[PDB]
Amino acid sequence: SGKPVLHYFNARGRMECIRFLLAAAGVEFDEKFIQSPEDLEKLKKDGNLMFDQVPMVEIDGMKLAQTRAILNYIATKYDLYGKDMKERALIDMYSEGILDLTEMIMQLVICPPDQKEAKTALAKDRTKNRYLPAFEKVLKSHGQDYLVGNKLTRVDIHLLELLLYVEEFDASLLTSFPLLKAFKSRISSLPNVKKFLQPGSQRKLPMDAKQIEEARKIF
């Protein structure tokens, strides 16, 4: 089989979603954490990062970089990419909006302190008046347990991850989304997911303060 090698900083960043996807597929993986600028330079020196950047996953003989390229690949091979040409349109259109808000939130602990409060208000607004209603809409439309195809797919995992971050951001934002709430429980309960959520796994912690400082050396 071969255990994929993920290269990244000891942080969620962009690799987090990849970690989540792999674990959900029940595929064990090895990681090499970039801990020093040296590590990174050495990494680049090897000529294995197509654009001198990470994420980069060694898998099936490829040195696949680019978050979406990696995820996309993993999704197909582990049948987490739906049944056909239209389901993926849905999955695709559902994952990107999920990526959007994710970044939106990320920014919060990265922006000029002078403007945090305002960005946060926007993020909350967006979260509850744009994103959540959208996904909730999707669930309410078919009443089935999975977002697409009534079969587990990558967005289900992606949605879970986002919901977990929204819960870390402002938990009250999720209290008016029943099906989403229920969804979170369901997906979280999946054996693979549960294991990953259990402490002692490759899931990385949220950043800020402690992590903000460590970023101020390499990330």
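Sequential numbering from 1, following the sequence displayed.
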property: 176 to 184 versus 40 to 48 - which carries the larger mean C-alpha B factor in the record; result: 40 to 48
property: Mean Cα B-factor comparison, 104 to 112 or 91 to 99, giving the higher one as deposited; result: 104 to 112
property: Residue of maximum C-alpha B factor among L80, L71, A134, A121, per deposited coordinates; result: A121
property: Selection by C-alpha B-factor (highest) of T67, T153, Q35, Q53; result: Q35
property: Chain third (lowest, middle, highest) by recorded CA B-factor, residue given as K210; result: highest
property: Third assignment of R126 from its chain's C-alpha B-factors; result: lowest
property: B-factor third for the C-alpha atom of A75 within its chain; result: lowest
property: CA B-factor ranking of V193, expressed as a third of its chain; result: middle
property: Lowest, middle or highest third - CA B-factor, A171; result: highest
